[PDB]
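Each chain, written out:
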Amino acid sequence: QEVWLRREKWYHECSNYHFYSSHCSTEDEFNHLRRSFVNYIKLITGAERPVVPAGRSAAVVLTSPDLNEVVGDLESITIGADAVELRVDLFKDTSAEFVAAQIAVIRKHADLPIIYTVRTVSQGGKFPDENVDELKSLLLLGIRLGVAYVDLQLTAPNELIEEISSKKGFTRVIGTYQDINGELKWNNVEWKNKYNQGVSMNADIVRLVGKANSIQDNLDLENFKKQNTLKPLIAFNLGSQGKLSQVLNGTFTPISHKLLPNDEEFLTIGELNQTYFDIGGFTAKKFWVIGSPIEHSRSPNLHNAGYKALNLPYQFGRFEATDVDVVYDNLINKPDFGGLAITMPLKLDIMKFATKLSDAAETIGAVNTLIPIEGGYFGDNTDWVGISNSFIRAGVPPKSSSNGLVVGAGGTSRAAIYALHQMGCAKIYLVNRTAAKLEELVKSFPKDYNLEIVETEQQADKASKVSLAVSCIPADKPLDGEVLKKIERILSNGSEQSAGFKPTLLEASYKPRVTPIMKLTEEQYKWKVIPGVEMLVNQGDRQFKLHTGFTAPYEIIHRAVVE
Amino acid sequence: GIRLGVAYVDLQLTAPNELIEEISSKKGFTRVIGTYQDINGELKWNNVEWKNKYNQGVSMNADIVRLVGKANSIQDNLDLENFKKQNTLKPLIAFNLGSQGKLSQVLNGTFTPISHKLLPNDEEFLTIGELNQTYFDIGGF
């Protein structure tokens, strides 16, 4: 404590972006810090900014004085919300040390974009208007803590607007005007002048929050929204008569929770979807999981945990099928068809129905998601994004420099080859039980996806940088023979290569929780091993994003498979 | 039904002229609602098909015109709120059938059709407990 504090005034001025590391207790807390660091470093380096979500997003309005109070339920607070609206004014301390501590306790539990709102008194906040200097200095802590969306008011000083529009970096700007009185209707030219203040300052999104004295004022909002289309518009009324304007809003509807001080009567995530269904935005759809041995699939338990948390009106069930024509005349052609999640004996046959296959569906040769689109159906393979996101959730970087190893030629063998190439492995090394189904994988994959086949034991010594292995042998045979000798000299060159992570193996079989290959890579040569309960979730997480358009609540769907 | 003293006879706007003129020349006092439903469900609420069927109702001296759509999205319910603004000569009933046209049934003043649990129901009209709950959940009550 002696050596740190004397350099705090020389570290925090000589840096144009800050970041905060803390002591993490659980592995979920470690994971959220290294996930919110990637989107931070995708923002402050400037590669891919989060571009203003094109679906129907929402934003949780954290109205707490200190977020260590509601700290365990914060993963339950941020459910269905695609951004976090920190209101910086209503912190108990508006100091630079406190706001950076409250941003520290949210990237540990929520890997979400932060909307840095310093709302002033004339627009409904607890920050004063007469101290302009600590407002300009607060929005500059949003640029330098790497938040995603900064809040610049439009009835603000014009030196503050042109300072957090020339020094914004890659933190996007939302421009707000609020009618606290309610004397403007949505035909007055003051709303047109505020949209043109958003177009002229080159703000990314514009916010126009009115106040509804009748239900007609919600339909005057939607006639303003279709006459003003250049910059995206978060426009919604307030009061207890403007609930249609928050329900019908597309980008960044403010939501709240039971555990938060909801004062501007914002809806919860259940009440927003329940009202969107009763006015006809959603339909009661039916999703299915199809395959021959479907008696213990554990996929309907995952999705039904997410529809319940978000209050969407969908159901997930099973349909035993062996042919693809019974899927089309019992599930697909019905008007309540929502999508499919296709399992093992039917992955190859459902590719004939996708009029738009993704690039992963062509390269792998199996489709496990069939959602309807305009004029046909869309086919995606989310098994590569389950083999991948199981690695990224256990500390492997998304674009690291290591090498891989696919042990087996099973049903998931081709996705694991594809997931290893778009991981960043410079070379994939196939090592199989028997060499019969071996060379077919190289003739059916591009030479860019180099699959150097290991054939002898001396070749294991030339196999370099293997720290992202995947095992997809069936877990019926304890490992022996020619195959065991190939792997044991492969995993031995493990942690000493040090590519920024600990060497990782991912077992792909769900039901054998401790596979013999999971013992040998962990109890002998010290790797991090991941069970196949993690792949069944992360395959289902991207199917949940594809089926519903909504990010799935992870602890609610993880604690639906693990029982 | 005119002879039995019903209060709202219901001609259709696509009826033959010798039946719209026969009913509307001896209605006496029974008001005429003039209907045209889009049963296929492709005409959005900005065609000249909906201006004509409205204008057929004003031309036949109908006291209410009914114009019933079918919603394929939530925009056809907000397309209907702009059609009722432009046409307030005669009283208008205008809603969008289907599961995606529930908002146009909640936001409709004159004679919103409802149904009950002890009746057969095919066009998915809400009850009085759901029409007043959704009108509360969007902030009219």
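Residues numbered from 1 in each chain as written, not as in the entry; some residues may be left out. Chains lettered and ligands numbered in written order. Part of a larger assembly, values for the part shown. Heavy atoms only, no water.

This entry lists cryo-EM as its structure determination method and reports a resolution of 4.16 Å.

Sorry if this is basic, but what is going on with the overall build of chain B here?
When its secondary structure is counted, chain B shows five helices and four strands. Of the regular secondary structure in chain B, the N- to C-terminal order runs β-α-β-α-β-α-β-α-α. For the C-alpha atoms alone, the extent of chain B along its principal axes is close to 45 × 35 × 25 Å. Counting the 141 residues in chain B, one finds 45% classified as buried. Taking contacts inside chain B between residues at least 6 apart in sequence as the whole, the part at least 24 apart equals 58%. Put simply, chain B shows about 7800 Å² of open surface, and 53% of that area lies on carbon and sulfur atoms. (Helix = DSSP H or I, 4+ residues; strand = E, 2+ residues; numbered from the N terminus. Buried < 20%, exposed > 50% of the residue type's maximum accessible area, 1.4 Å probe, protein only. Contact = heavy atoms within 4.5 Å. Areas by Shrake-Rupley, 256 points an atom, 1.4 Å probe, with all protein chains shown as cover.)

Explanation requested: a negative patch on the surface in the structure shown.
Residue and element names in this part refer to chain A. Taken together, the side chains of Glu320, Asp323, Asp325, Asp329 and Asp349 present a region of like negative charge at the surface. Residue position: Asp349 is located in the loop between β11 (337-342) and β12 (356-357). Given a relative accessible area of 31%, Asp349 falls into the partly exposed group. (Patch = residues over 30% accessible without salt bridge, like charges linked within 9 Å, V, L, I, M, F, W, Y side chains within 5 Å. Salt bridge = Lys/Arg side-chain N within 4 Å of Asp/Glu carboxyl O. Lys, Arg positive; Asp, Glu negative; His and termini not counted. Charge placed at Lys NZ, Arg CZ, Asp CG, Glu CD.)

What should I look at first to understand unusual backbone geometry in this one?
Note: most peptide bonds trans; most residues except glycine with negative phi. The residue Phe252(A) is not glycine, and still its phi comes out positive at about 60°. Tracing the chain through its elements places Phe252(A) in the loop between α10 (243-247) and β8 (253-255).

Honestly, the sheet that holds strand β17 (residues 451-453) of chain A in this entry has me stumped. Any pointers?
The pairing of strands in a sheet happens through backbone hydrogen bonds and is either parallel or antiparallel. All names here are of chain A. Overall, parallel pairing links the six strands, which are arranged β17-β16-β15-β18-β19-β20 in an open sheet. Both outer strands of the open sheet, β17 and β20 (528-530), are each paired with one neighbouring strand and no more. Each adjacent strand pair in this sheet contributes to an overall mean axis angle of 20°, direction not counted. Strand direction decides the pairing type here: strand β15 (residues 403-407) and strand β16 (residues 428-431), joined by four bridges, are parallel. Across the sheet, residue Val407 finds its bridge partner in β16, namely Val431. (Pairing = 2+ DSSP bridges. Axes fitted to C-alpha atoms, helices over the stretch in contact; angles between N-to-C directions.)

Looking at this model, I keep getting lost on the layout of surface pockets. Mind explaining?
In this approach the atoms are scanned with a rolling probe the size of a water molecule, which exposes any empty space left behind. Residue and element names in this part refer to chain A. Counted as a void, the second largest pocket has a volume near 1400 Å³. Considering the residues around the second largest pocket, the lining is formed by 43 residues, among which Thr343, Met344, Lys347, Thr412 and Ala508 are closest to the centre. Breaking the lining of the second largest pocket down by element, the ones donating at least two residues are α12 (299-310), β11, α16 (413-421) and α21 (533-548). Ranked by the residues each element gives to the lining of the second largest pocket, the list is headed by α21, at five residues. A class-by-class count of the residues in the lining of the second largest pocket yields 20 nonpolar, 15 polar and eight charged. (1 Å grid on protein atoms, 1.4 Å probe; cavity = no way out; pocket = protein on both sides within 12 Å on 5 of 7 lines; lining within 4 Å. Points joined across faces, edges and corners; volume = space filled by probe spheres on them. Nonpolar A, V, L, I, M, F, W, Y, C, P; charged D, E, K, R; others polar.)

What is the right way to look at the interface of chain A and chain B in this model?
You'll often see interface size given as the accessible area lost when the parts meet. Contacts between the two partners involve 21 residues from chain A and, on the opposite side, 20 residues from chain B. Both sides together, the interface formed by chain A and chain B hides about 1700 Å², and carbon and sulfur atoms give 55% of it. Considering only the surface of chain A that becomes buried against chain B, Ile215(A), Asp278(A) and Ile279(A) emerge as the three largest contributors, covering 29% of it. Across the contact surface, chain A and chain B share four residue pairs in polar contact. Those elements that provide at least two residues to the side of chain A that touches chain B are α9 (216-225), α10 and α11 (269-278) of chain A. Taken together, the residues of the side of chain A that touches chain B break down into seven nonpolar, nine polar and five charged. (Buried area = accessible area lost by both parts, 1.4 Å probe. Polar contact = N/O pair within 3.5 Å; in protein donor to acceptor, adjacent residues only side chain to side chain.)

Got a minute to help me understand the side chain of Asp76(B) in this structure?
Residues and elements named next belong to chain B. Its place among the elements puts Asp76 in helix α3 (residues 75-86). Buried and unpaired, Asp76 has no salt bridge, with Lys44 as the nearest side chain of opposite charge at 5.0 Å. A polar contact is formed between the side chain of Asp76 and the side chain of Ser73, at a distance of 3.0 Å. Those residues in contact with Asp76, other than ones at most four positions away along the chain, are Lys44, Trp45, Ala71 and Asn96.

Is there a simple way to think about the sheet that holds strand β4 (residues 92-97) of chain B in this case?
All names here are of chain B. Pairing is parallel across the open sheet formed by four strands, whose spatial order is β1-β2-β3-β4. The strands lining the two open edges of the sheet, one partner per strand, are β1 (8-12) and β4. Taken pair by pair, the neighbouring strands of this sheet meet at an average axis angle of 25°, ignoring direction. Of the strands in this sheet, β2 (31-37), β3 (64-70) and β4 are in contact with helix α2 (residues 49-59), which crosses β3 at around 155°. Of the strands in this sheet, β3 and β4 are in contact with α3, which crosses β4 at around 170°.

Any chance you could explain empty space enclosed by the protein here in plain terms?
All names here are of chain A. All told, the structure shown has five cavities of 30 Å³ or more when counted by the stated rule. Quantified by volume, the largest cavity comes out at close to 180 Å³. For the largest cavity, the lining is made up of 18 residues, of which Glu85, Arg119, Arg207, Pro254 and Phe266 are closest to its centre. Mapped onto the lining of the largest cavity, the elements with two or more residues apiece are β1 (58-62), β2 (83-87), β6 (205-209) and β7 (233-236).

What is the right way to look at the pairing of strand β18 (residues 466-471) of chain A in this model?
Every other side chain in a regular strand lies on the same face of the sheet, so the side chains alternate between the two faces. All names here are of chain A. Most of β18 is tucked away: six of the six residues are buried. Both β15 and β18 contribute to a ladder of five bridges, which runs parallel. For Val406, the partnering residue across the bridge sits in β18 and is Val470. As defined by bridge partners, β18 adjoins strand β19 (residues 504-507) across four bridges and the pair is classed as parallel. Each residue of the ladder has a partner; that of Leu468, found in β19, is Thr504. Handedness of the β18-helix α19 (residues 481-488)-β19 crossover: right-handed. (Right-handed = clockwise from strand over helix to strand, strands pointing away.)

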